[PDB]
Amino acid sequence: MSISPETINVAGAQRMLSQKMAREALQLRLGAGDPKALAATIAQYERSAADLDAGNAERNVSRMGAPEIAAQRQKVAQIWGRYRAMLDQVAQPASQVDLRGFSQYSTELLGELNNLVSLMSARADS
C-alpha cells in the first residue's frame, strides 16, 4: 500500500457513520434520541471528510490527489450536503418529511462512499 492503512480505515468508517447518523436521527424522530449524539456523529463524518480532502499528518490520513478520487470526493460532498439537511429535518418529531426519500438517499450516499473506498483501494493496492 502507498497510502497508510489509517487512510483507508477513515474512508471506510464514513460508510458506517452515514448509517449511524440515520439511526440517531430516526430515534430522535421517535422521541427517544439524543441530539448531542447525532451532532457528534455528523462531526466525526465531517472531520474525516476534511482530512481526506486535505490530508492530516497528525491523524496519518494521506491526501490522495488522483483526479478520479478527488472527483468522487466532490460527488460525495454534494450528496452529503443534501443528506445532512434531511437528517436535521428527520430528527425533528413535528416536521414534514418523506421517510422513503430519506432512506433512498441514505442508501445512495452509502453507495457513493463505498465507491470512494473502492477507488482509493484500487490506487493504493498492488
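Sequential numbering from 1, following the sequence displayed.
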Do the C-alpha atoms of 100 to 108 or of 11 to 19 have the higher average B factor in the entry?
-> 100 to 108
Of the two stretches 114 to 122 and 20 to 28, which shows the higher Cα B-factor on average in the entry?
-> 114 to 122
Choose from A54, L38, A94, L87 the residue with the greatest Cα B-factor as stated in the PDB record.
-> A54
Could you look up the Cα B-factor of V76 in the entry and say which third of the chain it sits in: lowest, middle or highest?
-> middle
Looking at the C-alpha B-factor of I69, is it in the lowest, middle or highest third of its chain?
-> highest
Entry-reported Cα temperature factor of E46, expressed as the chain third it lands in | lowest
